[PDB]
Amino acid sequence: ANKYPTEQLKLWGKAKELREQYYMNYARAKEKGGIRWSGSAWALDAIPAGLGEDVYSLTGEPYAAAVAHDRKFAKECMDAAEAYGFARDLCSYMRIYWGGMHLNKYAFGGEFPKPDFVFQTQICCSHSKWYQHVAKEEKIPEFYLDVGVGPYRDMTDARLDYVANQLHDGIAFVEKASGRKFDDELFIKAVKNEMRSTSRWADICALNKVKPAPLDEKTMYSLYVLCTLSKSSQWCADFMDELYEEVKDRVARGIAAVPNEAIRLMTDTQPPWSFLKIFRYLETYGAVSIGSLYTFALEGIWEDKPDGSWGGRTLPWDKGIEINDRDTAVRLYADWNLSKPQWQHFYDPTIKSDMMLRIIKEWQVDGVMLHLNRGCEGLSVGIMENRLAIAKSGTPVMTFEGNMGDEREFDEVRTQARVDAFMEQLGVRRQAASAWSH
């Protein structure tokens, strides 16, 4: 509604095509003798990348979210996992993934492809259980990186030793499981590309601080997802650079994702698919979601910049730090991943509370809508302490209950009524503030 110019993202189609190609490459991995492996989006995927350019992952949570988009298939998958005997209140992505494996159906067509091995990161308790069941049903080798060494800000040499030494076990593991010789050059390239892509995703997010926001979070769900597919690939790092050029051009031209932008919102954890239509309704109020700690830092890697603001973490070779050998690459790679903002609340919720208050400030947020996500213990721990900290700060904040993967636990009607009440609340607050300051 005529306040700002708008324009559809031109790289939209390429983001969609890269994602489709990732899933098709996993399914077709064996046509030319490639390697397939599975694990979390938080797996340290440069380690399997040392085994070649034809090493294809299937990351478990983005795949499960793709099934969740197909409500009917997701229900069938969860029904199969429940039949096996798992509790329905376990992680909804894990239950979807298990059920699709038992049904032997891939969301993109064909049988569920067998992985050659599991390579996993363990920080949520369900991270082990998810792939213990998978490795047993598929009869494949399995490796787990324990990254539970506490907050990055408290890191010690010994803590970093524990993760780095495990990664060296991981190298030996993937060699054994694949039959291939690990190549230091491919590995170092994959580390550098992961550093590029995760830092560049953060840089892109940081462009959203301006008014009008060049991106809306619904659009960003198709863009942040690439790093959850293969953050260590060349294609992902190169696309993030391309994408950054386009978003920079949007900022230069005063382009808004939402042309009647008047209200800036921040969300938190991954929403159910049914919420996306609420974002569209919110636009009739001129409300845009600028992002969340989840969209910004599930894979984005950040640092404090010279002006105190939050931006993409500096690449080590831009800081004079060389990466010329395996041991140096392993330690730097462990350190890079340990700084992930979305791992800190597993130890101390106040770290996430401070992170949310900083996003509210730097991205000029007017109101916060928190998903109390019954579908994900790992990203929901501490959520009520986060709400309290935002409540005390004086920023408007509301909650709604849901489940990102199981819409049996999401009430569309009640949630839309709560979000509409919030828009009314934001209007009332604006009238009162204007009346006080005249």
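We number the residues from 1 along the sequence you see.
Novice: State which stretch shows the higher mean Cα B factor in the entry: 1 to 9 or 427 to 435.
Specialist: That would be 1 to 9.
Novice: Mean CA B-factor: is it higher for 146 to 154 or for 254 to 262?
Specialist: Taking the mean C-alpha B-factor of 146 to 154 and of 254 to 262, the larger value falls to 254 to 262.
Novice: In this PDB entry, which of 343, 93, 119, 281 has the top CA B-factor?
Specialist: The record points to 281.
Novice: Please work out which residue in 108, 131, 97, 333 has the highest C-alpha B-factor recorded for this crystal structure.
Specialist: Largest recorded C-alpha B-factor: 108.
Novice: Considering only modelled residues of the same chain, in which third does the CA B-factor of residue 308 rank: lowest, middle or highest?
Specialist: Answer is middle: the recorded C-alpha B-factor places it there.
Novice: Among all modelled residues of this chain, ranked by Cα B factor, put residue 212 in the bottom, middle or top third, i.e. lowest, middle or highest.
Specialist: Highest third.
Novice: Going by the CA temperature factor in the PDB record, which third of the chain does residue 196 belong to: lowest, middle or highest?
Specialist: Within its chain, residue 196 is a middle-third residue by C-alpha B-factor, going by the deposited values.
Novice: Taking only the Cα B-factors deposited for this chain, tell me whether residue 367 sits in the lowest, middle or highest third.
Specialist: Ranked within chain, residue 367 CA B lands in the middle tercile.
Novice: Classify residue 393 as lowest, middle or highest third according to the C-alpha B-factor given in the PDB entry, relative to its own chain.
Specialist: According to the entry, residue 393 has a C-alpha B-factor in the chain's highest third.
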